[PDB]
Amino acid sequence: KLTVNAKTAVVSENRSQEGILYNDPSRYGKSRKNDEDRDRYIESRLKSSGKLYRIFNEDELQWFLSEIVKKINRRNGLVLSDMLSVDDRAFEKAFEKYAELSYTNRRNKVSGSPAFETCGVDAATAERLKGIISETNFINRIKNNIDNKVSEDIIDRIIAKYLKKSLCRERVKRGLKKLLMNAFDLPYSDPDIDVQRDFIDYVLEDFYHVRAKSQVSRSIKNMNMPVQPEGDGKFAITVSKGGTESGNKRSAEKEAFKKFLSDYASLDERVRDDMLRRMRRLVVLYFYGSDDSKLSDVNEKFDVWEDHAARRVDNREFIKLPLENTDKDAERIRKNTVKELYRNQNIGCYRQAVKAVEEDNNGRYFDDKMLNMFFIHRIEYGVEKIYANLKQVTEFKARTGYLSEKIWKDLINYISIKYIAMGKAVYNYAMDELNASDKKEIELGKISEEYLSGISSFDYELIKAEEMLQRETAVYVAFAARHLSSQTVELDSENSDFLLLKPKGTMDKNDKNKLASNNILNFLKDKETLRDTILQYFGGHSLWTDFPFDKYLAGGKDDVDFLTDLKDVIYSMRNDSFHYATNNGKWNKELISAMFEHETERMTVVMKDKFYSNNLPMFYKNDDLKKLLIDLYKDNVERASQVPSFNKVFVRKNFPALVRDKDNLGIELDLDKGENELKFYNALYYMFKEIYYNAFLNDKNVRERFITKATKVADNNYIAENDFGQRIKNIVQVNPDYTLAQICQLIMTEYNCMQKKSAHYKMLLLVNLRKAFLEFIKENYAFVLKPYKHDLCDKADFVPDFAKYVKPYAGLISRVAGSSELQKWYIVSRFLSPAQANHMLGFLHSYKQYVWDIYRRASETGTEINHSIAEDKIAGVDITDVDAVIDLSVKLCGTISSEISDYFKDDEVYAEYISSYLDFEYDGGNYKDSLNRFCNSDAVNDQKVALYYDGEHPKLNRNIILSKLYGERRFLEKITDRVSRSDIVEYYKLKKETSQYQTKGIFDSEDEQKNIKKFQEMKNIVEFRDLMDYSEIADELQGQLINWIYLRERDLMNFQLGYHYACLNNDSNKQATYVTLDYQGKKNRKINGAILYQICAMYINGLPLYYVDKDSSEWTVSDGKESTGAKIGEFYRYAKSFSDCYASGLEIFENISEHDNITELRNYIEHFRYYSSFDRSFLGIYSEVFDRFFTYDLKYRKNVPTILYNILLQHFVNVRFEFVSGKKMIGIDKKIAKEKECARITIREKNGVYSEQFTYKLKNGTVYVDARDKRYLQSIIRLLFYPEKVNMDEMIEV
RNA sequence: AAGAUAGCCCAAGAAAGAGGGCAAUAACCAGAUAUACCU
């Protein structure tokens, strides 16, 4: 990259913007480059590569081609830096002047190569310089290192494979081939091509970068944001300042489209229909000529959407494809030929359309010629986007109808993203009065004072940070509501949203004698066990025997109101904007606050018990752990993001060998010898993790040793350490108070494809952190160096007083009691799985770091930025408190009670639940006796099964309990096979085989590593850990779907805001209540810019909406807490005061005919209907999202399959997609729903799924093992395809 | 309907042009909750 070690930004002074270059990290006064230093930096970076300039970049035939290009690039070859620097570089200025004049001659009409006499050189020396850059000298320099004969095919393959990108032009490539054919004395004819002018002269222009030298710096200075305020304080799409002849034409075309956006925002549907028809005629003219039948009658009001559907099925060919010869180097030649055919036809289409719009308009197109030229340029650009990086030559992509309809949707896409861009600026910077206030009259759509002078790039970075966390939080709100409802209510198709159920006292609106249809009482599964079921998600009801529920549930209140209170906490976070505050809890704040305090009082005992459960005291004295437990948990630690994880710094497989090494630690434990050796390394690994995060990363002495140990080579892979150390040295000079975490963040930022990639600084950060940790252990925690195995005491006897030593939640208890917002973060995070709560905590860390980095870079560049987004607060509450709250949920969600009665009624109900995942041979009588008969039956030889029993009761399995609370059991039954006897037989066999060499880490033979891997996979199966992996994968696939839901809902609101903002500010006819609302009720209020307020009120929980009620037929105002569906219905009731205002302009956003299908798809996902019906596959849901969920922005739609690919590859599953046809419905029966073809994303039937391979290093060499066995891949396929069945033996490749 | 693996902004541009930027925009990178995700 050109500006490799610089950053760009857009700053605004007074409605004047400037793109700037700045160094990062740097200080104010040494970061932002002035106009002169910007120019010199670009020119310096451009000419810092002249030395290694080569015209060529980088099987028997493929390797002969590699030898030719290297011999040409070696010394005495075609090395321009040596040819042009001849005679002590006395002619370098004349050669560069020649290159600049050659480029100027191309622009300014003058034909012919420039004469060196005009370059400051006499006529005698001029004839010498001409010879140096002559065809003769180029031929001699190319043949100087070549002793082989080459053919025309070799020249063609070399040009197509290795030619420099900037030289890959039609006439340049033809000039190079003509020279290469003349060099090797091959007959060739191309008289239209001049080798000197078409190739050699251009190479000189490219060698001296005459184009970039006079354009890159200026193009950077003219960069800007999508939307900026104009003179009258109005937001509009940014128009370039121009400055050149083509720049003034381009800006005038952009001004014509800006008026189009204003004119198109009209409530009169006939106006928009006429404007789209004129745009449609431009597309028809471009691809079918002015003689097309749809252009004959100027006044013909033809249906633009039938023309769109008709051309798509036309068989006309845009270009004719040549025959294919797989010879991959020959196919690269064919694709290059096809691209030039596209370009030639695209140019022909452009010139004929430009001519016809100037000579034969007459009402066919737009009256503004600049608007016609803007669209024609968009069409030509749209064609180039399709073929410029053509993936694979296909026939359908060469059809004229395919391209014309892709461009048609491309034009509408451009209109869509511009309205959304306008709404984004309006929502964030012109809706200030949405914040709660006592003002009886408010004005929406007026830009705030701080942004009347323009928007900077740093401003939009803050928006992204806030919108990312908002969307990520919305995913977990849905999951929290799902987990709470999973065991408490049973929903149907008419009441599928748990958060929308009504309190127990809700009666019908037309008959006050009957309960409301959405009354929560109509859906409770077991009212008598409601409290104990709810308390399962709070650690088990046995932990709340001393909690005074009757105090907070007094009078008529019972456990139904308890469920309703928790339901209300979660719902209050749905659609809860972080940017606009509407912190008053509807629920019982005292009950939720008391439950939080009750859970904090067990935090110290839980963290103490984790030392006990990890067998840590089994090898260490009891006062050394107590001094450690105090050191680690005395204060709540807020972790920073972008810091390498403990599991990546200390790989678990290399952990035993690393600790035994006497240069590192040299820990020596001598002793069921293999049993306790594994217990010790598992104990030591957990202890080092807790020390790593809660003491090591924040230790002052650690930061100082790290800086010196990492900057050692800087004061002396060797190339990396001196550059790595110099950047650490620079970071400390910029700010000596940067923490160790901030040094890692700044280093890891420079270390950083849309697609996850399958099989310098990051490795050095892991090394320096690993070494610094081992030295931290020896100095501060030397007791770990001398373990001693002994029998452990009882859990109650292990540091019983630890609760009184440390009280880290002392201050947080009181602040949670008086904060409704903190109680939201508590309940929502508490009802998540441990993995999801950890992910939520990670998202909060990324938010704080992102905001911190934005202000750091804005300050170093001297860019004034409004601090509406606090570094230490989110939604008016401290981030440190939110962090400690979610961190409490993370630890407690993973703390399963030791009482079976907390989750099941008795041992029989529990044993029957285990039968869904374990086939312990159920005879038909009781499940407990069948499970006890199975656990005490012989497995192999003299070792029986056991595993699932503990004395007189079945063993409490942590993974089974977690899958009941946070998993989906009927989903797990359909995609997994139950654990059978043959599985347990193979488990003990592999454990006995590997018992000799289980605790080494780096094994001897290749067969030992493959048996350890097979055993670890069998252990995960027998302990139900394969179940938890599939649940996480399903949660990640479902979470991404819910993420996309709130991505679209944000942009739908932005589109409506920007569209109606443009309508408010044009001369189109608008009525009174559209512009101003004068509500005269009890809660009277006057709303200026009423349409903008009412749009935002639809999407913000707590924002009231003004409307005419359906039953009273009178004006009213809601409390703002009603559902989105109810608010949309209220908007329609408001719109009747001034033909579909809600859907106005949405033909740009989506297909109106499918609007109800999008809502049904949205509800299907967010209401978790897949886990009740199983009527569609995950691939089927992702297919429909790709087909029609992101109609409004191509950049979101065209990345949907890649995102699905990345989620699977993250779990080491590689899939090969195939895009075929499915079915979808258009409309919902009321009875109009018709079926239509739909995009279907599927996996290739033959070798479409394969596992990533692990690189396992041994003593001598390396063994490659599949990361995922066939059994694992089969469940992944079933997860993606169910209910559809496929041939998984044929699909999986091994 | 779709046959994806980007999109936009600045520059250039009709004997076309094709050079830059984007944490601005999604993705990407990174994140360790529970105890046998490598390189």
Side-chain angles (χ1 to χ4, degrees), chain A residues 2-3 8-10 19 166 169 211-212 215-216 218-226 238 240 246-247 347 350-351 354 384-385 388 391 394 396-397 417 457-461 463-465 610 613-615 639 641-647 651-653 678 681-683 685-686 689 693 748 751-757 759 833-835 837-839 841-842 845-846 850 853-854 890-891 893-894 958 998-999 1012 1015-1016 1019 1047 1186-1188 1193-1203 1205-1206 1211-1212 1217-1222 1224 1236-1241 1254-1257 1262 1265 1267:
Chain A
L2 191 50
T3 62
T8 65
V10 178
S166 57
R169 311 283 176 263
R211 282 159 182 82
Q215 289 170 14
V216 162
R218 175 175 173 277
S219 78
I220 291 178
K221 198 183 173 171
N222 286 42
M223 287 183 315
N224 207 332
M225 303 303 291
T238 308
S240 176
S246 68
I347 292 172
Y350 172 88
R351 308 234 165 101
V354 170
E384 194 180 39
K385 282 191 300 177
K391 295 85 181 67
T394 60
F396 77 91
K397 208 158 283 187
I417 65 177
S457 59
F458 301 103
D459 291 325
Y460 269 24
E461 296 191 81
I463 295 183
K464 176 174 186 188
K610 291 186 81 182
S613 300
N614 281 280
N615 301 308
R639 290 189 208 171
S641 75
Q642 288 294 339
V643 175
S645 66
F646 167 81
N647 307 72
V651 179
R652 177 57 181 90
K653 175 189 79 165
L678 175 63
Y681 291 127
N682 284 345
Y685 199 66
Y686 174 77
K689 188 207 74 180
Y693 291 119
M748 280 231 54
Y751 168 78
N752 298 336
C753 195
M754 297 155 45
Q755 191 177 7
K756 189 164 216 160
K757 288 178 289 187
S833 77
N838 178 75
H839 286 325
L841 189 51
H845 298 163
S846 301
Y850 195 2
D853 191 71
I854 296 161
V890 171
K891 299 162 176 174
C893 289
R958 189 168 170 274
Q998 68 191 104
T999 46
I1012 284 290
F1015 166 71
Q1016 300 170 307
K1019 192 191 184 250
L1047 192 66
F1186 173 73
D1187 180 85
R1188 62 174 169 189
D1193 195 332
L1194 285 162
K1195 83 171 162 283
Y1196 299 140
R1197 172 180 79 84
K1198 303 212 283 174
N1199 202 18
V1200 165
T1202 292
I1203 287 166
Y1205 170 87
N1206 295 348
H1211 299 267
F1212 303 120
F1217 287 138
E1218 271 186 2
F1219 288 73
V1220 292
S1221 299
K1224 70 176 168 170
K1236 157 180 214 192
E1237 303 101 324
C1238 181
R1240 175 157 69 98
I1241 303 172
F1254 281 158
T1255 299
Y1256 280 136
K1257 311 167 94 165
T1262 309
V1265 185

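Atoms considered below: every heavy atom in the structure, side chains included; atoms not considered: hydrogens, waters and symmetry mates. A, B, ... follow the sequence lines: proteins, then strands. Residue 1 opens every chain.
The shortest distance between the side-chain N/O atoms of A:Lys385 and the OP1/OP2 oxygens of B:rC8 is below 4.0 Å. Look at A:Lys756 and you won't find any side-chain N or O under 4.0 angstrom from OP1 or OP2 of B:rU5.
Distance A:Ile1203 CD1 to B:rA4 P: 16 Å, rounded to the nearest Å. Per the geometry, CZ belonging to A:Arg639 stands 7 Å off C1' belonging to B:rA32, to the nearest Å.
Set against B:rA26, B:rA4, B:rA18, the side chain of A:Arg169 has B:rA18 as its closest nucleotide. In the set B:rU35, B:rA2, B:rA4, B:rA2 carries the atom at the smallest distance from any side-chain atom of A:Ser1221. Comparing B:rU25, B:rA4, B:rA36 against the side chain of A:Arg652 picks out B:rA36 as the nearest.
A:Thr8 contributes a side-chain N or O that forms a donor-acceptor pair with the base of B:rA24 under 3.5 Å. Side-chain to base pairing of A:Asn222 with B:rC10: no donor and acceptor N or O lie closer than 3.5 Å to each other. Residue-to-nucleotide contacts include no donor-acceptor pair under 3.5 Å from the side chain of A:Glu1237 to the base of B:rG3.
When both distances must be under 3.5 Å, the Watson-Crick or G-U wobble mate of B:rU33 does not exist. Remark: B:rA14 base-pairs with no nucleotide; criterion is Watson-Crick or G-U wobble with both hydrogen-bond distances under 3.5 Å.
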